[PDB]
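Undergrad: Submitted below is the structure of interest, expressed as structure tokens.
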Amino acid sequence: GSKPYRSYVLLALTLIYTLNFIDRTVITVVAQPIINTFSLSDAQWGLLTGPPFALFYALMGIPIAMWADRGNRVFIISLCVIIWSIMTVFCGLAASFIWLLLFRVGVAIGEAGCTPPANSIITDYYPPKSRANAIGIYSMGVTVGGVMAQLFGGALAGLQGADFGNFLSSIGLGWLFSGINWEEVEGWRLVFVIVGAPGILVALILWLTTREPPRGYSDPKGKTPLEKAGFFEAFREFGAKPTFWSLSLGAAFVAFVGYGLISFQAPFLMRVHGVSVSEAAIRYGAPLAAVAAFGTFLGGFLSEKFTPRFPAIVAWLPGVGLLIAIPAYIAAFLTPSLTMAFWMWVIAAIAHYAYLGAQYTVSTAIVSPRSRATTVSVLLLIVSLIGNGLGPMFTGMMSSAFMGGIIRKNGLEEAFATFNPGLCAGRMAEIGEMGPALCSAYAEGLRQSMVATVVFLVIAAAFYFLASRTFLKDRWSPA
């Protein structure tokens with residue numbers, strides 16, 4: 001490609017990836033409102049924010065990959081942008097929670113067709129002198145995507161549907177004004193619609209302003225490997241090594257905790273501290289997500305600070321920094337002062353994602369570079385699968401379980417057989433003799449579930465240490 005033109009192509013791909021993660025994580029913002037509207041158990045909210053992305057790499061990742069290395073390299077991104085933005089707005093207008101679940105699966109279907117083609121495009125668009133910092137810029141999409149999803153969700157939540165209707169009517173899109181009443185539409189429907197909708201426009205803009213690179217605009221002298229570089233074989237080279245399995249296990253459990261936590265984050269701060277969706281997702285969710293990214297990068301940086309030689313670094317021997325994350329999290333959860341909560345949480349996130357990025361760096365250091373590629377792929381697959389799939393599922397089913405127990409220990413089942421969530425928020429009076437009891441249970445069950453999930457950081461530390469042992473033999477030396 002050219003130079004200002006390929007710079008533009010890079011801006012467009014980084015923006016696509018930003019939007020990918022905006023549409024991917026905004027759902028954690030409108031958690032509680034979605035629950036109020038569809039009257040869901042936290043176990044269901046977990047079933048919705050976790051195992052749907054089972055499909056993300058379960059099918060699409062593998063066929064998208066196959067289909068992206070083969071051909072049609074720009075059309076694929078723009079098609080998938082259309083796909084996951086359409087699926088998003090469809091979430092904004094879902095009858096049953098089953099339709100929400102399928103629309104989320106479809107969003108994942110679409111989003112799995114972003115990175116393989118975007119990578120191929122940056123590669124064959126950029127010369128090896130600077131391809132590196134290019135891929136780095138593109139990667140920055142995740143961080144910006146998360147923090148911006150939190151901000152835009154907070155902004156668009158708590159937005160009267162009548163405001164949106166009157167706006168659309170004020171611009172001449174009256175095909176929807178009389179079509180349906182806007183005072184009965186909930187703000188998360190608007191979040192979804194406004195976040196997904198411009199994706200179609202952006203996929204068009206991509207299809208139009210982006211030439212496909214000729215490919216192989218790569219490096220010149222490279223003798224034939226004859227052995228198909230790294231493919232299946234790299235797996236057994238890293239599958240021999242048990243440090244690989246133990247680090248991918250510990251990393252997947254770090255992620256299991258982090259994912260469950262974000263999945264019920266806004267619900268927590270709302271139920272306990274009574275904060276608007278806006279506050280919960282703006283004053284806290286976005287700074288927290290930034291701090292999470294920073295803790296990750298800091299962890300990789302403290303690896304790069306001493307992974308030149310000494311590895312799996314820690315105080316001495318085990319990674320107790322995870323263990324240290326544990327009580328600060330628990331403190332955030334067991335506090336009456338919200339300031340306190342925020343700050344404690346900040347601290348522990350810094351530690352928590354530290355040990356994630358750390359593990360990430362350490363992975364690269366166990367295998368030959370001819371295989372480090374597919375090694376980091378397989379590790380991120382393990383981590384997304386286990387973490388995403390099972391983290392919220394545990395956090396939510398525990399929230400139900402621990403609410404359950406409370407009900408049982410106060411035999412409240414007669415009052416609960418008519419319990420919905422939404423009434424608890426602001427409509428306190430018009431519930432019953434056992435109204436406040438039932439809201440207090442809805443909150444404390446989730447509280448106990450959060451405090452329960454962090455204890456998986458014990459499993460995480462256990463795996464980290466477990467690998468810090470077998471590491472030395474597993475290490476890859478040039479000698």
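Ordering of the structure tokens sets the chain letters (A, B, ...), residue numbers begin anew at 1 in every chain, and ligands are numbered from 1 in the order given.
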Any chance you could tabulate, as a Markdown table, the residues of stretch 388-415 of chain A at most 6 Å from stretch 46-60 of chain A with each one's nearest atom pair and distance in Å to one decimal, using only C-alpha atoms, in chain and rising number order?
TA:
```
| residue | atom | partner | partner_atom | distance |
| --- | --- | --- | --- | --- |
| A:388 | CA | A:50 | CA | 4.9 |
| A:389 | CA | A:51 | CA | 4.1 |
| A:392 | CA | A:46 | CA | 4.4 |
| A:393 | CA | A:46 | CA | 4.4 |
| A:396 | CA | A:46 | CA | 4.9 |
```
Undergrad: Those same residues, written as a PDB file, in the first residue's frame with C-alpha atoms?
TA:
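Written file, out.pdb:
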```pdb
ATOM      1  CA  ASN A 388     -15.880 -16.635  29.456  1.00  0.00           C
ATOM      2  CA  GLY A 389     -17.949 -19.832  29.449  1.00  0.00           C
ATOM      3  CA  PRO A 392     -20.350 -15.818  34.841  1.00  0.00           C
ATOM      4  CA  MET A 393     -22.054 -19.219  34.973  1.00  0.00           C
ATOM      5  CA  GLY A 396     -24.702 -16.192  38.672  1.00  0.00           C
TER       6      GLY A 396
END
```
Undergrad: With DSSP run on the backbone, what are the helix (DSSP H, G or I) residues within stretch 15-153 of chain A? I'd like them as a PyMOL selection string.
TA: chain A and resi 15-28+31-38+42-49+51-70+73-91+97-111+115-125+131-139+141-153
Undergrad: One decimal, Å: what's the distance from atom CA of residue A:84 over to atom CA of residue A:198, could you say?
TA: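 So the answer is 11.2 Å.
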Undergrad: Would you please work out which residue, of A:479, A:89, A:272, A:149, is nearest to residue A:441 when using only C-alpha atoms?
TA: A:272
Undergrad: Could you name the residues that touch stretch 254-265 of chain A at 9 Å or less, counting only C-alpha atoms, but leaving out those on the same chain fewer than 5 positions away, as a ChimeraX atom specification?
TA: /A:27-29,31-32,42,45-46,49-50,249,270,280,285,322,349,352-353,355-356,383-384,386-396,446,450,453-457,459-461
Undergrad: Hey, what's within 7 Å of stretch 413-429 of chain A if we count only C-alpha atoms and toss same-chain stuff fewer than 5 positions away? As a short mmCIF file (atom, residue, chain, number, x, y, z; two decimals) with C-alpha atoms, in the first residue's frame, please?
TA:
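This is the output file out38.cif:
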```
data_model
loop_
_atom_site.label_atom_id
_atom_site.label_comp_id
_atom_site.auth_asym_id
_atom_site.auth_seq_id
_atom_site.Cartn_x
_atom_site.Cartn_y
_atom_site.Cartn_z
CA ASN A 36 -35.67 -6.27 35.46
CA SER A 39 -37.35 -11.05 35.16
CA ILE A 407 -34.76 -17.65 51.47
CA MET A 434 -41.73 -9.40 52.91
CA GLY A 435 -40.61 -6.86 50.31
CA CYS A 439 -34.53 -7.31 48.00
#
```
Undergrad: Skip stretch 286-302 of chain A itself and residues of its chain fewer than 3 positions away, then list as a PyMOL selection string all residues within 9 Å of it, counting only C-alpha atoms.
TA: chain A and resi 142-144+146-151+280-283+305-307+313+342+345-347+349-362
Undergrad: Give me the residues within 9 Å of stretch 230-244 of chain A as a ChimeraX atom specification, counting only C-alpha atoms and dropping any in the same chain fewer than 2 places off.
TA: /A:227-228,246-249,363,366-368,370-375,378-379,466-471,473-475
Undergrad: Selected residues, N, CA, C and O atoms, written as a CSV table (one decimal), in the first residue's frame, please.
TA:
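The resulting file, again.csv, is shown below:
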```csv
chain,number,residue,atom,x,y,z
A,227,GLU,N,8.5,-27.7,5.5
A,227,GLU,CA,7.7,-28.4,6.6
A,227,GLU,C,6.5,-27.6,7.0
A,227,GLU,O,5.9,-27.8,8.1
A,228,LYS,N,6.0,-26.7,6.1
A,228,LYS,CA,4.7,-26.0,6.3
A,228,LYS,C,4.8,-25.2,7.6
A,228,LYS,O,3.8,-25.1,8.3
A,246,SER,N,-0.2,-25.7,32.7
A,246,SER,CA,-0.4,-25.1,34.0
A,246,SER,C,-0.6,-23.6,33.9
A,246,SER,O,-1.4,-23.0,34.6
A,247,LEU,N,0.2,-23.0,33.0
A,247,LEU,CA,0.0,-21.5,32.8
A,247,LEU,C,-1.3,-21.2,32.1
A,247,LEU,O,-2.0,-20.2,32.5
A,248,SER,N,-1.7,-22.0,31.1
A,248,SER,CA,-3.0,-21.7,30.5
A,248,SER,C,-4.2,-22.0,31.4
A,248,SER,O,-5.2,-21.3,31.4
A,249,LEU,N,-4.0,-23.0,32.3
A,249,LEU,CA,-5.0,-23.2,33.4
A,249,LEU,C,-5.1,-22.0,34.3
A,249,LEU,O,-6.2,-21.5,34.6
A,363,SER,N,4.2,-17.2,28.7
A,363,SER,CA,3.9,-18.2,27.8
A,363,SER,C,4.9,-18.2,26.6
A,363,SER,O,5.5,-19.2,26.3
A,366,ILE,N,8.4,-20.3,26.6
A,366,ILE,CA,8.5,-21.8,26.8
A,366,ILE,C,8.6,-22.6,25.6
A,366,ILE,O,8.6,-23.9,25.7
A,367,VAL,N,8.7,-22.0,24.4
A,367,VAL,CA,8.6,-22.7,23.1
A,367,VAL,C,9.4,-22.0,22.1
A,367,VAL,O,9.8,-20.8,22.2
A,368,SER,N,9.8,-22.8,21.0
A,368,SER,CA,10.5,-22.2,19.9
A,368,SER,C,9.7,-21.1,19.2
A,368,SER,O,8.5,-21.3,19.0
A,370,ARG,N,9.2,-20.6,16.1
A,370,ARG,CA,8.4,-21.2,15.0
A,370,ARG,C,7.1,-21.7,15.5
A,370,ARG,O,6.2,-22.0,14.7
A,371,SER,N,6.9,-21.9,16.8
A,371,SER,CA,5.7,-22.4,17.4
A,371,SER,C,5.0,-21.4,18.3
A,371,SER,O,3.8,-21.7,18.6
A,372,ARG,N,5.7,-20.4,18.8
A,372,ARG,CA,5.1,-19.4,19.7
A,372,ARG,C,3.8,-18.8,19.2
A,372,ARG,O,2.9,-18.5,20.0
A,373,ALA,N,3.7,-18.7,17.9
A,373,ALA,CA,2.5,-18.2,17.3
A,373,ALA,C,1.2,-19.0,17.7
A,373,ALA,O,0.4,-18.6,18.4
A,374,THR,N,1.1,-20.3,17.1
A,374,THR,CA,0.0,-21.1,17.5
A,374,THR,C,0.0,-21.4,19.0
A,374,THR,O,-1.1,-21.8,19.5
A,375,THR,N,1.1,-21.3,19.7
A,375,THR,CA,1.0,-21.5,21.1
A,375,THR,C,0.2,-20.4,21.8
A,375,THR,O,-0.7,-20.7,22.7
A,378,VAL,N,-3.5,-21.1,21.0
A,378,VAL,CA,-4.1,-22.1,21.8
A,378,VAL,C,-4.3,-21.7,23.2
A,378,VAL,O,-5.3,-22.0,23.8
A,379,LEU,N,-3.4,-20.9,23.8
A,379,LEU,CA,-3.6,-20.5,25.1
A,379,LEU,C,-4.7,-19.5,25.2
A,379,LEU,O,-5.5,-19.6,26.2
A,466,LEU,N,2.4,-23.9,40.5
A,466,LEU,CA,2.6,-25.3,40.0
A,466,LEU,C,3.4,-25.2,38.7
A,466,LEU,O,4.2,-26.1,38.5
A,467,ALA,N,3.2,-24.2,37.9
A,467,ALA,CA,4.0,-24.0,36.7
A,467,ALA,C,5.4,-23.4,37.0
A,467,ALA,O,6.4,-23.7,36.3
A,468,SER,N,5.5,-22.5,38.1
A,468,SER,CA,6.8,-21.9,38.4
A,468,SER,C,7.8,-23.0,38.8
A,468,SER,O,9.0,-22.9,38.7
A,469,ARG,N,7.3,-24.1,39.3
A,469,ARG,CA,8.1,-25.3,39.5
A,469,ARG,C,8.6,-25.8,38.2
A,469,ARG,O,9.8,-25.7,37.8
A,470,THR,N,7.7,-26.5,37.4
A,470,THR,CA,8.1,-27.2,36.2
A,470,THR,C,8.7,-26.3,35.1
A,470,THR,O,9.2,-26.8,34.0
A,471,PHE,N,8.7,-25.0,35.3
A,471,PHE,CA,9.2,-24.0,34.3
A,471,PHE,C,10.6,-24.3,33.9
A,471,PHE,O,10.9,-24.4,32.7
A,473,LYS,N,12.9,-26.7,33.8
A,473,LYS,CA,13.0,-27.8,32.8
A,473,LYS,C,12.2,-27.4,31.5
A,473,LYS,O,12.7,-27.6,30.4
A,474,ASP,N,11.0,-26.9,31.6
A,474,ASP,CA,10.2,-26.6,30.4
A,474,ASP,C,10.9,-25.5,29.6
A,474,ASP,O,10.6,-25.3,28.4
A,475,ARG,N,11.7,-24.6,30.2
A,475,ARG,CA,12.2,-23.4,29.5
A,475,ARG,C,12.8,-23.8,28.2
A,475,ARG,O,13.4,-24.9,28.0
```
Undergrad: Check the smallest atom-to-atom distance from each of A:405, A:141, A:225, A:136 to residue A:19 using only C-alpha atoms, then report the winner.
TA: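 Smallest distance to residue A:19 is found for A:141.
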Undergrad: What separation in Å, quoted to one decimal, exists between atom CA of residue A:113 and atom CA of residue A:24?
TA: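 Between atom CA of residue A:113 and atom CA of residue A:24 the gap works out to 13.3 Å.
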Undergrad: If we count only C-alpha atoms and set the cut-off at 10 Å, which residues sit around residue A:204, ignoring sequence neighbours fewer than 6 positions away in its own chain? Please answer as a ChimeraX atom specification.
TA: /A:75,78-79,81-82,198
